[PDB]
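Each chain, written out:
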Amino acid sequence: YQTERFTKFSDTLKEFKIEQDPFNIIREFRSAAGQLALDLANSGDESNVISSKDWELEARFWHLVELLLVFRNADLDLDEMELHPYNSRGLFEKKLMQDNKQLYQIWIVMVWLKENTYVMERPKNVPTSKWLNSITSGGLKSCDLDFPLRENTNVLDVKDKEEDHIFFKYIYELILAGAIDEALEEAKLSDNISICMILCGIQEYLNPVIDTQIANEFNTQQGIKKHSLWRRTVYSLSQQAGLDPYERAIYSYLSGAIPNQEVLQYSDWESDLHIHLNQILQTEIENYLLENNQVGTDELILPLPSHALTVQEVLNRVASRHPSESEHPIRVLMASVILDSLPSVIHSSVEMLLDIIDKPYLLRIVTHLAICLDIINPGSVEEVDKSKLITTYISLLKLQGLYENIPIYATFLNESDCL
Amino acid sequence: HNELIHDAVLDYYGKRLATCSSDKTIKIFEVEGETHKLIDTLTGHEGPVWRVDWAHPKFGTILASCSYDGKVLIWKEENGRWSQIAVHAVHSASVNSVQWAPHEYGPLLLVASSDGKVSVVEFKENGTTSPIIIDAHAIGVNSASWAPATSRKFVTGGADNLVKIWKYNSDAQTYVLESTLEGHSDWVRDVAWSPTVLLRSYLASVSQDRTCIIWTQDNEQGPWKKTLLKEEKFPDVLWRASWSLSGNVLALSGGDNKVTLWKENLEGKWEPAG
Amino acid sequence: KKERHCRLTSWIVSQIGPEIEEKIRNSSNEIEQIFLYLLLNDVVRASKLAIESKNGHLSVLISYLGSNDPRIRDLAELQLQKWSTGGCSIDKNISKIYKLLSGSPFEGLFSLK
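For the structure given in this document, a descriptive report is provided here. In this document, residue positions are counted from 1 along each chain in sequence order, independent of how the entry numbers them, and residues without coordinates are left out. Throughout, the order in which chains and ligands are written sets their labels, letters from A for the former and numbers from 1 for the latter. Note that the chains on view sit within a larger assembly, with every value limited to the chains on view. With hydrogens and water stripped out, all remaining heavy atoms of the structure feed into the side-chain values.

### Brief notes about the overall build of chain C
Consideration 1: Each helix corresponds to a stretch of at least 4 residues labelled H or I by DSSP, and each strand to a stretch of at least 2 residues labelled E; elements are numbered beginning at the N terminus. The number of helices and strands found in chain C is 6 helices and 0 strands.
Consideration 2: Listing each helix as α and each strand as β along chain C from the N terminus yields α-α-α-α-α-α.
Consideration 3: For a compact globule of 113 residues, the expected C-alpha radius of gyration is about 13 Å, and chain C comes in at 14 Å, within 12% of that figure.
Consideration 4: Once the C-alpha set of chain C is aligned to its principal axes, its extents read approximately 40 × 35 × 25 Å.
Consideration 5: We call two residues contacting when some pair of their heavy atoms lies within 4.5 Å. Taking all contacts inside chain C whose residues are at least 6 apart in sequence as the whole, residues at least 24 apart take part in 43%.
Consideration 6: With the model as given, the accessible surface of chain C reaches about 6,200 Å², and the carbon-plus-sulfur share is 52%.
Consideration 7: Note on charges: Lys and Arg go in the positive column, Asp and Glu in the negative column, and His and the chain ends are not counted at all. Note on charges: their place is set at NZ of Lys, CZ of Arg, CG of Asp or CD of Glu. Of the side chains in chain C, 16 bear a positive and 13 a negative charge, and the two mean positions are spaced by 4 Å. Here the globule rule is a power law, 2.2 Å times the number of residues to the power 0.38, and the radius of gyration is based on C-alpha atoms. Reported accessibility uses the Shrake-Rupley method at a 1.4 Å probe radius. Residues are deemed covered only where the shown protein chains occlude them.

### Some thoughts on the pattern of salt bridges
Consideration 1: Salt bridges are defined as contacts in which a side-chain nitrogen from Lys or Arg sits within 4 Å of a carboxyl oxygen from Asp or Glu. Under the defined criterion, the tally for this structure stands at 33 salt bridges over all chains.
Consideration 2: For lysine 95 of chain A, the salt bridge is made with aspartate 99 of chain A, and the minimal N-O distance between the two is 3.5 Å. In this pair, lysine 95 of chain A and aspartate 99 of chain A both sit in helix α4 (residues 89-99), 4 residues apart, roughly one turn of the helix.
Consideration 3: Here the term buried applies to any residue with accessible area under 20% of the maximum for its type, exposed to any over 50%, and partly exposed to those in between, with areas from a 1.4 Å probe on protein chains only. Judged by relative accessible area, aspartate 99 of chain A falls into the partly exposed class, the value being 37%.
Consideration 4: Two residues, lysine 124 of chain A and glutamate 121 of chain A, come together in a salt bridge whose shortest N-O distance is 3.7 Å. Comparing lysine 124 of chain A with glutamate 121 of chain A, the two get one shared label, exposed.
Consideration 5: Each of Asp7, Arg51, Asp190 and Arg240 of chain B takes part in salt bridges that share partners, so that together they form one network.

### Overview of the interface of chain A and chain B
Consideration 1: Facing the 5 residues of chain A at the interface are 4 residues of chain B.
Consideration 2: Counting the contacts that link chain A with chain B gives 0 salt bridges.
Consideration 3: The term polar contact refers here to a pair of N or O atoms within 3.5 Å; inside protein, the definition further demands a hydrogen-donor-capable atom paired with an acceptor-capable atom, and it admits residues adjacent in sequence only when both atoms are side-chain atoms. Where chain A meets chain B, there are 3 residue pairs in polar contact.
Consideration 4: As a working rule, the residues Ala, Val, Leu, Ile, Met, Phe, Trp, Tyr, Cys and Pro are called nonpolar, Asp, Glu, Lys and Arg charged, and the rest polar, with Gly in that last group. For the side of chain A that touches chain B, the class distribution of residues is no nonpolar, 3 polar and 2 charged.

### Digging into a positive patch on the surface
Consideration 1: A cluster of basic residues, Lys225 and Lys226 of chain A together with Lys1 and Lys2 of chain C, forms a positive patch at the surface.
Consideration 2: The topology assignment puts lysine 1 of chain C in the segment before α1 (2-26).
Consideration 3: Taking the relative accessible area as the measure of exposure, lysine 1 of chain C reaches 86% and is therefore exposed. Nonpolar side chains (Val, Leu, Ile, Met, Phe, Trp, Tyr) are joined into patches within 5 Å and like charges within 9 Å, using only residues with over 30% relative accessible area and no salt bridge.

### Remarks on the sheet that holds strand β14 (residues 153-158) of chain B
Residue and element names in this part refer to chain B.
Consideration 1: A pair of strands counts as paired when DSSP detects no fewer than two bridges linking them. A sheet is described by the order of its strands in space; here 4 strands give the open sequence β13-β14-β15-β16, paired in antiparallel fashion. Looking at strand neighbours, the two that pair on one side only are β13 (141-146) and β16 (176-182), the edges of this open sheet. Averaged over all pairs of adjacent strands, the angle between strand axes in this sheet comes to 20°, irrespective of strand direction.
Consideration 2: Both β13 and β14 contribute to a ladder of 5 bridges, which runs antiparallel. In the strand pairing of β14, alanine 144 is matched with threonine 156. Whenever a helix is involved, its axis is fitted only over the stretch in contact; in every case the axis is a line through C-alpha atoms, and angles between N-to-C directions fall within 0 to 180 degrees.

### Remarks on the packing of α4 of chain A against helix α5 (residues 101-115) of chain A
Residues and elements named next belong to chain A.
Consideration 1: One way to put it is that α4 packs onto α5 with a least axis distance of 5 Å and a crossing angle of 100°. Viewed along their axes, α4 and α5 adopt a mutual orientation that is roughly perpendicular. Here α4 contributes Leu96, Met97 and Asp99 to the contact with α5, which in turn contributes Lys101, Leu103, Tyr104 and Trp107.
Consideration 2: Of the residues belonging to the contact of α4 with α5, the class tally is 5 nonpolar, no polar and 2 charged. Convention used here: angles under 35 degrees read as roughly parallel, angles over 145 as roughly antiparallel, angles from 65 to 115 as roughly perpendicular, and any remaining angle as oblique.

Scope: geometric values only; no functional claims are made or implied.
Spelled out as structure tokens, the structure:
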């Protein structure tokens, strides 16, 4: 049956033109692609695993589109936040994310990135308690994480290191996926209290009593006041070798830094891009705080880089670092959406019809995207480009023998007359 | 007066020679066939300058020298006037070898001192040094040569008669030892990696016991192959062992006042040439 | 309340200052020094020495001293009970520091009394 696909997308358009909000179209496009992603994936010829991934990718694209256009377009402007110098850093961070839409967009994108991150299954047969092997062998004169750092790592049993590896890797995957609550649960429950505690430093300080404008979200002070310190402390910890590469990786991510080579070598376009947007973000916040004298000089223990990249440049670098992946045609759209250069790319792939015909999803996707765009933002895509796109896709509806559902797509030109 | 120069190096284009002797001075010459005109003398060491070595001209005019005073001194010509721009002496004994990496690696340096250490000194954005050192050999290191490649590696010749092959690792951030090789009965004086991007890799390991073993590895997998160049001790202790770029010729500087030359033949074994 | 608290504690640190600095002068053990820096209510130099003496995890933990995060409090206390029930050996000053993180350093069962 699967050669139904176009129906689903077409179907969604029917429903829209007929209850005469348009963001639902895309939401459905997403779900549609995802549903199809499942079909080709389950039981299939290994020629299908490929086009299955091109559907999952499809789906992620629709999601990213929804998220960003919702934020950008459903922008109806709220009330400005008036801080005082007595206010906590927490509030200033919030203010920053409110006022600077460019940067919040980075947040949105990171959220999307996390959403679609793979995490291993929870490690089984985890041991009763930490470093149990070393303790049992005798030779841990101190039971604290820093003991084998104070003096040769030869202290820790091999099996203990192997388990610490399992743990820190799992925690790392969870952190990259946004699963911070799960990471704290794992830390707690796996007898890694001190690491847990480390994960608690992630929050900026708020006090509901002082920072009135969040006395709703909070009933109790929380987060840590000397955060610039925390951050250097963690970063330095991240640079100290004789720690497991995933642990160092974790601290890197937390300090707004770029994890060690041993770990980073396995990160893909999404993972890598995520890492570097995290860096942009971290740097930008800490700079925002410095420009408002909410950082205390004592805390500038160490040099961290102060110069934030632009999303443009991060993308360019990550691209050159992952050319194969970068060049994949829906991930180009992903980037195009991220930079807003989107009608830009529409008109572009339009002129590539004048090695876009070779891949099937593309001509469809661009067309339905163009439709959505001009629905949500009348004017968005050049009238001509709509004409050209629908023209060509329609002729494929003909080549597929689905003339049945051509009128729906017609509802965008007087050129429709000619059908 | 120059009765005993210990090392000399030629630049990429071979216009400027840099000898270094025992009186601590490093003399720079403008060579032109018969006539090498002395252009400079460089005094900044507290002991015999054992070795000198130009860097890739991609990095301007830089020359890292190592001397008996335990200190590596980086020099640089500046508008026709030399100046010691940096120094790296994190070694508690006489520094023996100093050899730059392939210019694709950055501006990396390879120091090898008698305190059983070998460092790789990066020169950052401020031009300042970024030392990441390793312990190489027990009783001391006489030499350390770089490897070209396209997964970086180098070789080290020891005072415990070992010949070690180290490789970079992003997990460790320090060069992880990957293979050691045993075949000499005395201080491994010099070790050389061959610049031949050919079917196999060649190593000529000269030593004090008047041998020169040649470690020919088949490829990336199968370990090395021991081959005593010739099976008779040379009339005197051997010092230096250098490969040729074009050709894979081997030059051997024995303490017997001539330099011999050995070429591989279709037997796989090595034959004199000259 | 915060203001008053901060002035009182800055003042106490003014008084105990030389006592402790003397004690830091004579210590022969780094972790003990880290503890003493906590005795001068200097979280940052404790964190720094920890970092330097290669005690990095502790260092991170230290950064919590003076945020009253009850999670961290009950976790630190928990770690202490687990040690004080088997725990073949824990360094004498690391336990002191954990006890500080517990929020009840004498009021306790690993007591600084």
